[PDB]
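Notes to accompany the following structure.
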Amino acid sequence: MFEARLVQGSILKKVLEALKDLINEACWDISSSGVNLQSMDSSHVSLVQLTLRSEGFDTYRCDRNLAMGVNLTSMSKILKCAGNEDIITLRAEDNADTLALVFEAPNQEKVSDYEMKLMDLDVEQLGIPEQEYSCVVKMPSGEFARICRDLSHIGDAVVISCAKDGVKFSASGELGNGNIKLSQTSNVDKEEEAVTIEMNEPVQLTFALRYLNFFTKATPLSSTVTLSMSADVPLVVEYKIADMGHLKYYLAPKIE
Amino acid sequence: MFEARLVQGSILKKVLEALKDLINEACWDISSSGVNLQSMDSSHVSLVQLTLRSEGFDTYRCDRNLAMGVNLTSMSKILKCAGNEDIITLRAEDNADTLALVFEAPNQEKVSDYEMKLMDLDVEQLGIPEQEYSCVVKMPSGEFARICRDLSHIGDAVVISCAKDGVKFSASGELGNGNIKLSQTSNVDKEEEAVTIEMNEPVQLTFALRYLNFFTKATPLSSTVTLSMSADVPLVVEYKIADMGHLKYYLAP
Amino acid sequence: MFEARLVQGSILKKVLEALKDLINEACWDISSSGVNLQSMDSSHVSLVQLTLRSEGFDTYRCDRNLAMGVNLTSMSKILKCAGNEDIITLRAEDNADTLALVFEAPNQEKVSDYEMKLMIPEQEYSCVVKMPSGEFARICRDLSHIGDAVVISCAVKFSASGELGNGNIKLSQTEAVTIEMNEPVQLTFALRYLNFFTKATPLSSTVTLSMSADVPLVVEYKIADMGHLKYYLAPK
Amino acid sequence: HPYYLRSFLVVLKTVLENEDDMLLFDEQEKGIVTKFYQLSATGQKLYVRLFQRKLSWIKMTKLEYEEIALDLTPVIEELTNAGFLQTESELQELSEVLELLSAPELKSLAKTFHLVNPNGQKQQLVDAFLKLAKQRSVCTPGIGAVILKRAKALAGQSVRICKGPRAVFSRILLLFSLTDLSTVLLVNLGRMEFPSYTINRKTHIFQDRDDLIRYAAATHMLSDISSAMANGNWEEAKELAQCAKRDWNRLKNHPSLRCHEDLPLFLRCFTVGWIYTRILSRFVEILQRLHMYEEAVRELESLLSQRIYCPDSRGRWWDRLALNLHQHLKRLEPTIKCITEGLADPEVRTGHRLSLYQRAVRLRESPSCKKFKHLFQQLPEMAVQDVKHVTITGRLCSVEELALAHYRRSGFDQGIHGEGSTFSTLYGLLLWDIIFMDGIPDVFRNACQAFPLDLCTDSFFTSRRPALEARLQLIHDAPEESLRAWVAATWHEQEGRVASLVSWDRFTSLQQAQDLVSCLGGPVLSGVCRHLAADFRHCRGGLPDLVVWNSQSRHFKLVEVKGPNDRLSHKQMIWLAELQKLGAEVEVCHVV
DNA sequence: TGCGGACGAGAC
DNA sequence: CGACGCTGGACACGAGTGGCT
DNA sequence: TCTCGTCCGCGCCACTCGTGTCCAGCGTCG
């Protein structure tokens with residue numbers, strides 16, 4: 001039996017909205033620490049890890065580890081039912097397969113209980129090692145989403161070269177060639193407009209832009225995105241989920 | 001010779017837009033005192049009833065009944081470009097002359113008149129009699145529209161499950177089963193957001209969620225919608241119309 | 001190289017949005033006086049004229065005239081990436097195969113740079129009608145719903161003639177509407193292109209429509225007194 | 001047995017009975033043959049079906065053959081045990097799986113793999129998938145392994161014919177079709193009863209297995225070029241042809257070619273070099289379809305440089321060289337040289353010779369060449385008798401039918417649309433004894449031969465000169481009764497036989513054959529049969545379109561029927577002139 | 001190869 | 001609320017493949 | 001306008017399917 005109440009239900013709503021496109025069926029690990037996704041897209045080009053720590057969840061309960069294979073499109077449809085305001089506790093069936101999500105309005109008049117098919121998927125863990133990364137970049141999330149959209153209009157692939165001066169996103173295509181570069185602003189106010197970069201070595205990689213646009217769908221979760229890039233190591237874009245957990249997208253470098 | 005003046009042409013605009021997709025090639029049976037409409041749906045499985053009181057319009061002066069051949073889609077594009085604040089007056093001559101509508105904005109800087117020909121029409125006049133309903137529930141129109149648009153994805157049919165303590169719309173489908181419950185409001189404000197259940201006996205009938213979704217399109221017209229349920233009786237989806245009329249959707253479970 | 005820096009590049013974005021829908025390919029003629037973009041619509045009925053002056057742009061360098069034929073379908077997407085408050089500059093060397101534009105956000109932290117590949121006598125209109133463009137947009141959309149052609153008349157009348165029904169709208173002087181009414185006017189135009197013209201409205205608060213018998217109509221849009229956007233209507 | 005397996009089994013039996021063709025194979029390929037014979041009837045039927053079908057993976061669902069068995073999984077299992085059929089497991093190539101996938105399924109896979117266009121052209125999606133397969137996974141291998149797995153799961157059970165046994169059977173078909181599956185032979189072959197002849201095989205066209213494999217490669221190249229021509233892919237055609245010419249040049253001094261040079265002319269048309277010369281002729285055809293005409297005339301000069309491959313078509317190449325170098329190129333003096341060589345060439349005959357002559361007289365008359373005088377000299381003179389021209393106005397029926405009706409009005413009630421099959425039919429009927437005659441070497445190889453290989457080759461007259469000359473004289477001096485008996489004898493004895501000369505449906509009844517033979521007479525039939533017996537290839541076409549005769553009058557009118565947009569062909573000009581020289585009354589009919 | 005359409009190019 | 005943009009079912013092609021006794 | 005010459009598509013047909021276009025329910029954002 002697994003139970004976890006979330007006051008900020010918009011967190012889970014935007015989580016499922018971000019994850020819907022990449023994964024259609026993913027495994028939701030159940031542990032005292034929290035829920036861990038650790039599933040990858042159908043193309044195997046990209047990988048997403050969703051560690052949602054139990055600290056954020058209120059009244060967190062987990063008798064034993066549960067696989068919770070959830071069809072993420074169906075869960076996205078079910079969560080779209082929820083009001084952004086409504087709290088959501090996920091009541092796992094004791095032994096059967098019916099994730100129950102109940103959404104309750106703050107006004108407490110309306111309660112909305114739904115069950116899920118909760119299918120079973122072949123368990124598979126990538127277990128990527130925690131390789132230290134060079135040229136870590138920290139930039140606003142909306143900015144990165146906009147860069148991905150613009151370059152997706154321009155070209156099919158994006159190449160990223162990072163220096164201590166800045167990080168440069170460039171795409172070349174049939175209709176044109178384009179490049180966008182950002183530099184550490186070091187703003188005094190620093191309401192997450194900071195473009196702070198720590199550099200260790202010059203690293204340049206080329207990445208697919210379809211999956212990168214799919215990564216931008218996690219924008220409402222966090223105002224900031226951290227890009228960490230080391231040569232021959234897949235890009236890491238991470239979204240801190242409201243100080244409750246973290247969602248990270250990995251993307252293997254394009255070869256050409 | 002029928003003249004109608006409607007202070008808020010937006011009312012008739014929403015009426016026609018919401019009722020547009022439900023019934024195609026419908027009929028009009030406007031009375032000498034007020035406006036009354038009724039037609040079966042294009043698939044003849046549901047029914048819609050419209051009523052517009054004569055006194056609601058600013059002016060109203062009609063002589064005889066007329067078929068008033070209607071192409072509701074044509075009327076829809078007619079009430080398009082009509083401002084929400086715009087004042088709309090419908091004047092029509094006899095012998096099924098083209099219905100001419102004049103839209104005058106309160107700014108009065110611009111005024112526009114559009115006339116659409118009445119198309120050949122036949123009046124079948126089912127006249128389904130009115131009857132009492134075992135449970136009537138008053139809920140906000142927006143809440144009902146959201147409830148229906150929500151159960152649409154997860155279910156093809158909606159279980160009303162009304163009770164004195166509250167109401168619970170239950171849906172079962174491919175992606176699990178869902179139930180949303182609205183209890184008795186018990187709210188001091190007595191607002192339109194409150195949900196009140198006037199019922200004498202519990203009832204349980206499943207209704208076509210598709211046609212209910214068709215019904216929710218009238219959400220803008222009414223702040224709250226009363227739903228009336230009786231065993232083996234088509235449910236009543238009643239929307240108040242600015243105190244000027246009442247619109248009801250009749251769907252057989 | 002030729003540079004046209006635009007401090008408020010939003011209007012450039014908007015005119016590009018209009019012209020992508022209307023015209024397919026066009027060539028930006030650059031003269032030291034300014035940048036003029038008039039070309040023929042892919043459709044026979046209308047042709048369009050965009051005029052930009054050198055003084056309006058912050059920077060204006062032009063030693064050699066370049067046509068710079070550019071498929072506006074691609075160029076509109078290129079300019080779409082620019083923000084509303086973004087500063088838009090166009091750079092093109094006299095021997096440059098591709099025109100280049102650079103976008104700098106107001107906060108100046110983000111810098112963007114994309115390069116894209118490059119390939120009617122005046123008649124004195126005795127009567128002129130000016131109406132709020134949003135308004136004219138509304139008549140265009142409504143009468144395109146009703147029918148395909150509109151007959152315009154003077155005292156401000158637009159009549160809708162469709163097989164479904166008839167529709168008339170009247171405008172009177174009092175945001176302002178002014179009609180010269182120097183001659184009576186009965187000029188009919190296809191509403192398809194009229195609603196293609198409507199897309200241009202976010203650019204100008206007021207639209208100008210001048211009628212002369214059997215004389216082409218022009219929907220001129222005043223771009224913040226910086227330039228003008230003339231779409232030439234050939235009556236049916 | 002159904003028809004397709006019956007055709008296949010007849011082809012296999014005919015090739016197997018040959019000892020030389022069996023020697024041409026390796027022991028393994030004979031193993032494929034004996035395994036094919038070691039199958040159930042449904043197995044053979046399904047193998048023939050899949051073999052006639054294109055060599056691509058075919059879904060088990062789409063394989064629905066009612067005649068074999070309602071459920072064909074046992075048959076596919078038996079064939080894949082025998083080796084001929086490959087199941088989905090041996091489908092480790094991504095391109096093959098993607099091509100096997102249907103457009104809806106490929107669109108579904110594309111959405112799953114997040115391709116650029118989930119909807120679009122099938123080829124574009126396949127190429128996009130091939131691009132995606134090469135990328136790296138986040139495992140840091142191959143991403144295409146997952147693409148392969150998902151595409152295979154989506155495709156379902158699929159089968160494909162193995163290319164080894166397919167090559168064996170394609171080579172068997174080629175060896176059978178040498179003497180001459182094509183649709184005409186795919187159906188009815190089991191029912192077609194071939195003429196009686198004694199098989200005499202002294203010479204070997206192919207020496208080693210490699211020679212037959214090389215011949216099959218050349219034939220496949222030619223077939224691919226011809227298919228590209230038919231489908232209009234002219235640029236792909238040239239690239240295949242150019243490769244083919246490169247291969248032909250690479251093998252220039254191969255020792256097997258030295259004996260191909262010594263094969264007789266009628267057998268030399270079944271060698272690797274012959275098919276490469278035909279490929280070079282198709283190369284000239286594409287060069288001509290393409291704007292280039294300079295490389296075209298160069299290749300014509302190269303082909304013309306050899307007397308030893310394709311001499312029967314030197315007329316075609318000579319006319320094409322003259323035409324290209326005159327109309328398409330400004331120079332005319334080398335045109336004059338080419339023409340004066342062409343009329344000198346003994347191989348150019350009967351219509352292309354007339355075309356070269358007509359080009360020569362045009363140049364002589366044209367003011368452009370009026371300065372040159374060498375052209376006028378040594379120009380052989382063969383003036384062609386003008387033909388009477390009659391114009392008929394009338395009008396949905398075929399033009400020649402309108403001409404038939406018109407001549408029905410002027411008498412001539414009995415009339416058949418021969419179109420040249422009528423005179424070939426009479427030629428076969430009156431010369432079946434010597435066309436199929438025994439004692440000519442290497443000209444009958446298999447029992448399934450419609451025509452002796454000497455036919456359509458100059459050697460047919462030379463090999464049978466005594467008998468052919470004697471019979472041709474006999475037909476010339478013959479009464480009507482003797483000719484009637486002679487035609488009826490072969491119509492009876494060889495009734496229902498299959499010959500490239502005799503079309504049985506051409507004559508409605510044997511009585512009509514008797515009447516037409518009586519009306520044509522001795523000398524006319526003698527001349528036509530003499531012109532067909534010698535150099536049949538250049539005389540088989542252009543015969544008058546309509547033969548008409550009044551039964552009472554015993555008078556005929558060999559009438560060429562041309563529409564308003566139609567013209568007299570060179571072969572038609574020659575044949576009308578020859579028939580006029582024979583005493584026949586011919587005239588051209590124009591119908592507007 | 002052997003046909004039926006079409007075109008252009010010259011003669012008129 | 002609505003003007004506007006977008007990607008997904010539906011339908012007539014044009015092409016390919018196959019059965020042709 | 002007429003004629004002469006040259007080039008170009010041509011298995012069979014009927015069944016299923018790729019393809020392009022079309023209309024429209026849904027989603028956006030101001």
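Starting from 1 in every chain, residues are counted up; chains themselves are A, B, ... following the order of the structure tokens, and ligands are numbered from 1 as listed.
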Could you tell me, as an NGL selection string, which residues of region 132-227 of chain A DSSP assigns to strand (DSSP E) when given the backbone?
:A and (136-140 or 157-162 or 166-172 or 176-183 or 197-198 or 203-208 or 224-227)
I need the chain F residues near chain B as a PyMOL selection string; criterion: at most 12 Å, counting only C-alpha atoms (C1' of nucleotides).
chain F and resi 1-3
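Across the model, the gap from CA of residue 206 (chain D) to CA of residue 21 (chain D) is 8.5 Å.
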Listing only residues of chain D within 10 Å of chain F, what is the closest atom pair and its distance in Å (to one decimal) for each, using only C-alpha atoms (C1' of nucleotides), sorted by chain and residue number ascending, as JSON lines?
{"residue": "D:2", "atom": "CA", "partner": "F:21", "partner_atom": "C1'", "distance": 8.0}
{"residue": "D:3", "atom": "CA", "partner": "F:21", "partner_atom": "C1'", "distance": 6.5}
{"residue": "D:4", "atom": "CA", "partner": "F:21", "partner_atom": "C1'", "distance": 9.6}
{"residue": "D:49", "atom": "CA", "partner": "F:18", "partner_atom": "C1'", "distance": 9.5}
{"residue": "D:52", "atom": "CA", "partner": "F:18", "partner_atom": "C1'", "distance": 8.9}
{"residue": "D:53", "atom": "CA", "partner": "F:18", "partner_atom": "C1'", "distance": 7.1}
{"residue": "D:54", "atom": "CA", "partner": "F:17", "partner_atom": "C1'", "distance": 8.2}
{"residue": "D:183", "atom": "CA", "partner": "F:20", "partner_atom": "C1'", "distance": 7.5}
{"residue": "D:184", "atom": "CA", "partner": "F:20", "partner_atom": "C1'", "distance": 9.1}
{"residue": "D:186", "atom": "CA", "partner": "F:20", "partner_atom": "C1'", "distance": 8.5}
{"residue": "D:187", "atom": "CA", "partner": "F:20", "partner_atom": "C1'", "distance": 6.9}
{"residue": "D:188", "atom": "CA", "partner": "F:21", "partner_atom": "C1'", "distance": 6.9}
{"residue": "D:191", "atom": "CA", "partner": "F:21", "partner_atom": "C1'", "distance": 9.3}
What does the distance from CA of residue 474 (chain D) to CA of residue 533 (chain D) come to in Å, to one decimal?
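Atom-to-atom, CA of residue 474 (chain D) to CA of residue 533 (chain D), that is 14.6 Å.
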Residues of chain D were defined as contacting chain E if any atom lay at most 12 Å from it, counting only C-alpha atoms (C1' of nucleotides); please report them as a PDB file with C-alpha atoms, in the first residue's frame.
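The result, stored in out.pdb:
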ATOM      1  CA  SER D 313      20.901  -5.194 -86.291  1.00  0.00           C
ATOM      2  CA  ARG D 316      19.261  -0.245 -87.161  1.00  0.00           C
ATOM      3  CA  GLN D 327      19.410  15.812 -87.944  1.00  0.00           C
ATOM      4  CA  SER D 366      19.218  19.238-100.440  1.00  0.00           C
ATOM      5  CA  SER D 398     -11.124   0.413 -85.962  1.00  0.00           C
ATOM      6  CA  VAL D 399      -9.869   2.141 -89.105  1.00  0.00           C
ATOM      7  CA  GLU D 419      -1.333  -7.153 -90.388  1.00  0.00           C
ATOM      8  CA  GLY D 420       1.467  -9.426 -91.594  1.00  0.00           C
ATOM      9  CA  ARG D 537      14.091 -10.702 -89.559  1.00  0.00           C
ATOM     10  CA  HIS D 538      14.024  -7.758 -91.971  1.00  0.00           C
ATOM     11  CA  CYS D 539      11.041  -9.043 -93.978  1.00  0.00           C
ATOM     12  CA  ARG D 540       8.659 -10.147 -91.210  1.00  0.00           C
ATOM     13  CA  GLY D 541       7.188  -6.677 -90.780  1.00  0.00           C
ATOM     14  CA  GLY D 542       5.646  -4.115 -93.080  1.00  0.00           C
ATOM     15  CA  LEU D 543       3.438  -6.637 -94.895  1.00  0.00           C
ATOM     16  CA  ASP D 545      -2.339  -4.569 -93.273  1.00  0.00           C
ATOM     17  CA  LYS D 562      -3.223   4.083 -92.871  1.00  0.00           C
ATOM     18  CA  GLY D 563      -5.060   6.638 -90.761  1.00  0.00           C
ATOM     19  CA  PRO D 564      -4.794  10.397 -91.244  1.00  0.00           C
ATOM     20  CA  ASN D 565      -1.872  10.635 -88.803  1.00  0.00           C
ATOM     21  CA  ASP D 566      -0.323   7.417 -90.168  1.00  0.00           C
ATOM     22  CA  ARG D 567       2.531   6.980 -92.630  1.00  0.00           C
ATOM     23  CA  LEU D 568       4.091   4.372 -94.878  1.00  0.00           C
ATOM     24  CA  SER D 569       6.878   2.543 -93.069  1.00  0.00           C
ATOM     25  CA  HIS D 570      10.069   1.665 -94.915  1.00  0.00           C
ATOM     26  CA  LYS D 571       9.334  -2.044 -94.571  1.00  0.00           C
ATOM     27  CA  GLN D 572       5.829  -1.351 -95.867  1.00  0.00           C
TER      28      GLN D 572
END
Identify all chain C residues at most 10 Å from chain B by counting only C-alpha atoms; ligands do not count. Present them as number ranges by chain.
C: 135, 137-146, 156-160, 162-177
Write the residues of the selection above to a file with C-alpha atoms, as a compact mmCIF listing (two decimals), in the first residue's frame.
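Listing of again.txt after writing:
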# COMPACT_ATOMS: atom_id res chain seq x y z
CA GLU C 135 -13.13 47.18 -37.33
CA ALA C 137 -10.93 43.20 -39.91
CA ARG C 138 -14.33 42.46 -38.42
CA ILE C 139 -16.26 43.40 -41.57
CA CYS C 140 -13.83 41.37 -43.68
CA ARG C 141 -14.20 38.26 -41.52
CA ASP C 142 -17.98 38.54 -41.20
CA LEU C 143 -18.64 39.13 -44.89
CA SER C 144 -16.24 36.34 -45.80
CA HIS C 145 -18.40 34.11 -43.63
CA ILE C 146 -21.50 35.39 -45.42
CA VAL C 156 -19.51 54.03 -45.23
CA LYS C 157 -21.34 50.95 -46.51
CA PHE C 158 -20.08 47.40 -46.99
CA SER C 159 -22.65 45.06 -48.53
CA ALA C 160 -22.47 41.27 -48.31
CA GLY C 162 -23.68 35.49 -50.74
CA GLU C 163 -26.02 32.72 -51.77
CA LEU C 164 -26.85 32.26 -48.08
CA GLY C 165 -27.96 35.85 -47.54
CA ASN C 166 -27.27 39.56 -47.60
CA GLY C 167 -25.42 41.78 -45.17
CA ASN C 168 -24.79 45.51 -44.82
CA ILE C 169 -22.65 47.38 -42.30
CA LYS C 170 -22.69 51.16 -41.87
CA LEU C 171 -19.98 53.34 -40.33
CA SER C 172 -20.39 57.01 -39.39
CA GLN C 173 -17.94 59.71 -38.37
CA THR C 174 -17.57 60.51 -34.67
CA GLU C 175 -11.12 54.96 -33.68
CA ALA C 176 -12.27 57.69 -36.07
CA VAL C 177 -14.05 57.09 -39.39
Under the rule of at most 7 Å, produce a per-residue listing of chain A near chain D: chain, number, name, the closest pair of atoms, and the distance in Å, as a Markdown table, using only C-alpha atoms.
| residue | atom | partner | partner_atom | distance |
| --- | --- | --- | --- | --- |
| A:42 | CA | D:113 | CA | 5.7 |
| A:43 | CA | D:113 | CA | 4.7 |
| A:44 | CA | D:137 | CA | 5.5 |
| A:45 | CA | D:137 | CA | 4.9 |
| A:46 | CA | D:138 | CA | 6.2 |
| A:47 | CA | D:138 | CA | 6.8 |
| A:126 | CA | D:139 | CA | 6.8 |
| A:234 | CA | D:138 | CA | 6.5 |
| A:251 | CA | D:138 | CA | 6.5 |
| A:252 | CA | D:138 | CA | 4.9 |
| A:254 | CA | D:135 | CA | 6.0 |
| A:255 | CA | D:135 | CA | 5.9 |
For residue 206 (chain A): contacts at 6 Å, only C-alpha atoms (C1' of nucleotides), fewer than 5 positions along chain excluded, given as a PyMOL selection string:
chain A and resi 158-159+253-254
Within 9 Å of chain D, which residues of chain G show up when using only C-alpha atoms (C1' of nucleotides), listed as a PyMOL selection string?
chain G and resi 6-7+9-11+17-19
Chain C: residues DSSP assigns to alpha helix (DSSP H), reported as a CSV table (one decimal) with N, CA and C atoms, in the first residue's frame:
chain,number,residue,atom,x,y,z
C,10,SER,N,9.6,45.0,-33.7
C,10,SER,CA,8.3,44.3,-33.7
C,10,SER,C,7.6,44.6,-35.0
C,11,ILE,N,7.6,45.8,-35.5
C,11,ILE,CA,6.8,46.1,-36.7
C,11,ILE,C,7.4,45.4,-37.9
C,12,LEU,N,8.7,45.1,-37.9
C,12,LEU,CA,9.3,44.3,-38.9
C,12,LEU,C,8.8,42.9,-38.8
C,13,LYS,N,8.6,42.3,-37.6
C,13,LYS,CA,8.1,41.0,-37.4
C,13,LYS,C,6.6,41.0,-38.0
C,14,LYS,N,5.8,42.0,-37.6
C,14,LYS,CA,4.4,42.0,-38.1
C,14,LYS,C,4.3,42.1,-39.6
C,15,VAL,N,5.1,42.9,-40.2
C,15,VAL,CA,5.0,43.0,-41.7
C,15,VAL,C,5.4,41.7,-42.3
C,16,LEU,N,6.4,41.1,-41.7
C,16,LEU,CA,6.8,39.8,-42.2
C,16,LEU,C,5.6,38.8,-42.1
C,17,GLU,N,4.9,38.8,-40.9
C,17,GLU,CA,3.8,37.9,-40.8
C,17,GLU,C,2.7,38.1,-41.9
C,18,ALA,N,2.4,39.4,-42.2
C,18,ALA,CA,1.5,39.7,-43.2
C,18,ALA,C,2.0,39.1,-44.6
C,19,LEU,N,3.2,39.5,-44.9
C,19,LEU,CA,3.7,39.2,-46.3
C,19,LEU,C,4.0,37.7,-46.5
C,20,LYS,N,4.3,36.9,-45.4
C,20,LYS,CA,4.4,35.5,-45.6
C,20,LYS,C,3.1,34.9,-46.1
C,21,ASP,N,2.0,35.3,-45.5
C,21,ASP,CA,0.7,34.8,-46.0
C,21,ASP,C,0.3,35.3,-47.3
C,22,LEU,N,0.6,36.6,-47.6
C,22,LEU,CA,0.2,37.1,-48.9
C,22,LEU,C,1.2,36.7,-50.0
C,72,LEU,N,9.9,34.4,-48.6
C,72,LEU,CA,9.4,34.9,-47.3
C,72,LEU,C,8.9,33.8,-46.4
C,73,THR,N,8.6,32.6,-47.0
C,73,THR,CA,8.2,31.5,-46.1
C,73,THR,C,9.3,31.2,-45.1
C,74,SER,N,10.5,31.1,-45.6
C,74,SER,CA,11.6,30.8,-44.7
C,74,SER,C,11.9,32.1,-43.8
C,75,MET,N,11.9,33.3,-44.4
C,75,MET,CA,12.3,34.4,-43.7
C,75,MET,C,11.4,34.8,-42.6
C,76,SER,N,10.1,34.5,-42.7
C,76,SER,CA,9.2,34.8,-41.6
C,76,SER,C,9.5,33.9,-40.4
C,77,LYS,N,9.8,32.6,-40.7
C,77,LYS,CA,10.2,31.7,-39.6
C,77,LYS,C,11.5,32.2,-38.9
C,78,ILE,N,12.4,32.7,-39.8
C,78,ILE,CA,13.6,33.2,-39.2
C,78,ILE,C,13.3,34.4,-38.3
C,79,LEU,N,12.5,35.4,-38.8
C,79,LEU,CA,12.2,36.5,-37.9
C,79,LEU,C,11.2,36.1,-36.8
C,80,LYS,N,10.5,35.0,-36.9
C,80,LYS,CA,9.6,34.6,-35.8
C,80,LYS,C,10.4,34.4,-34.5
C,133,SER,N,-8.7,49.7,-38.0
C,133,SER,CA,-8.4,48.5,-38.8
C,133,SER,C,-9.0,47.2,-38.1
C,134,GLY,N,-9.1,47.2,-36.8
C,134,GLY,CA,-9.7,46.1,-36.1
C,134,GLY,C,-11.2,46.0,-36.6
C,135,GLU,N,-11.8,47.1,-36.8
C,135,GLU,CA,-13.1,47.2,-37.3
C,135,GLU,C,-13.2,46.6,-38.7
C,136,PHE,N,-12.3,47.1,-39.6
C,136,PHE,CA,-12.3,46.6,-41.0
C,136,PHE,C,-12.0,45.1,-41.0
C,137,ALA,N,-11.1,44.6,-40.1
C,137,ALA,CA,-10.9,43.2,-39.9
C,137,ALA,C,-12.2,42.5,-39.6
C,138,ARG,N,-13.1,43.1,-38.8
C,138,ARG,CA,-14.3,42.5,-38.4
C,138,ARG,C,-15.3,42.4,-39.6
C,139,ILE,N,-15.4,43.5,-40.4
C,139,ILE,CA,-16.3,43.4,-41.6
C,139,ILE,C,-15.7,42.4,-42.6
C,140,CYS,N,-14.4,42.4,-42.8
C,140,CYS,CA,-13.8,41.4,-43.7
C,140,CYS,C,-14.2,40.0,-43.3
C,141,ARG,N,-14.0,39.6,-42.0
C,141,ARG,CA,-14.2,38.3,-41.5
C,141,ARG,C,-15.7,37.9,-41.6
C,142,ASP,N,-16.6,38.8,-41.2
C,142,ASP,CA,-18.0,38.5,-41.2
C,142,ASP,C,-18.5,38.3,-42.6
C,143,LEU,N,-18.1,39.2,-43.5
C,143,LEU,CA,-18.6,39.1,-44.9
C,143,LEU,C,-18.0,38.0,-45.7
C,144,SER,N,-16.8,37.6,-45.2
C,144,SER,CA,-16.2,36.3,-45.8
C,144,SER,C,-17.0,35.1,-45.3
C,145,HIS,N,-17.5,35.2,-44.1
C,145,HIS,CA,-18.4,34.1,-43.6
C,145,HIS,C,-19.7,34.1,-44.5
C,146,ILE,N,-20.2,35.3,-44.7
C,146,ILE,CA,-21.5,35.4,-45.4
C,146,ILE,C,-21.3,35.0,-46.9
C,191,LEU,N,-13.6,39.0,-51.5
C,191,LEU,CA,-13.3,39.0,-50.0
C,191,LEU,C,-12.2,38.1,-49.6
C,192,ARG,N,-11.8,37.2,-50.5
C,192,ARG,CA,-10.7,36.3,-50.1
C,192,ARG,C,-9.4,37.1,-49.9
C,193,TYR,N,-9.0,37.9,-50.9
C,193,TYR,CA,-7.9,38.7,-50.7
C,193,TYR,C,-8.1,39.8,-49.6
C,194,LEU,N,-9.3,40.3,-49.5
C,194,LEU,CA,-9.6,41.3,-48.4
C,194,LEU,C,-9.3,40.7,-47.1
C,195,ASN,N,-9.7,39.5,-46.8
C,195,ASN,CA,-9.2,38.9,-45.5
C,195,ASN,C,-7.8,38.5,-45.5
C,196,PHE,N,-7.1,38.4,-46.7
C,196,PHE,CA,-5.7,38.2,-46.6
C,196,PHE,C,-5.0,39.5,-46.2
C,197,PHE,N,-5.6,40.6,-46.6
C,197,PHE,CA,-5.1,42.0,-46.2
C,197,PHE,C,-5.3,42.2,-44.7
C,198,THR,N,-6.4,41.6,-44.2
C,198,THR,CA,-6.8,41.9,-42.8
C,198,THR,C,-5.7,41.4,-41.9
For chain A, report every residue with an atom at most 9 Å from chain C (counting only C-alpha atoms), formatted as a PyMOL selection string.
chain A and resi 143+146-147+149-151+153-154+170-171+174-185+195
Do you know which residues are at most 9 Å from residue 151 (chain D) counting only C-alpha atoms (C1' of nucleotides), after dropping those on the same chain fewer than 2 positions away, and could you put them as a PyMOL selection string?
chain D and resi 94+97-98+101+105-106+109+146-149+153-156
Within 9 Å of residue 298 (chain D), counting only C-alpha atoms (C1' of nucleotides), which residues show up once you throw out same-chain ones fewer than 5 positions away? Write them as a PyMOL selection string, please.
chain D and resi 293+303+321
Residues of chain B no more than 7 Å from chain A, counting only C-alpha atoms: send them over as a PyMOL selection string.
chain B and resi 150+153+175-183+185
Taking 5 positions as the minimum chain separation for residues in the same chain, which residues sit within 6 Å of residue 249 (chain A) when counting only C-alpha atoms (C1' of nucleotides)? Answer as an MDAnalysis selection string.
chainID A and resid 47:48 236:237
List the spatial neighbours of residue 145 (chain B) as an MDAnalysis selection string - criterion: any atom at most 8 Å away, only C-alpha atoms (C1' of nucleotides), same-chain residues fewer than 4 positions off excluded.
chainID B and resid 141 149 213 216:217 219
Pick from B:16, B:70, B:52, B:194 nearest to residue 122 (chain B), counting only C-alpha atoms:
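Checking each candidate against residue 122 (chain B), we get B:70 as the closest.
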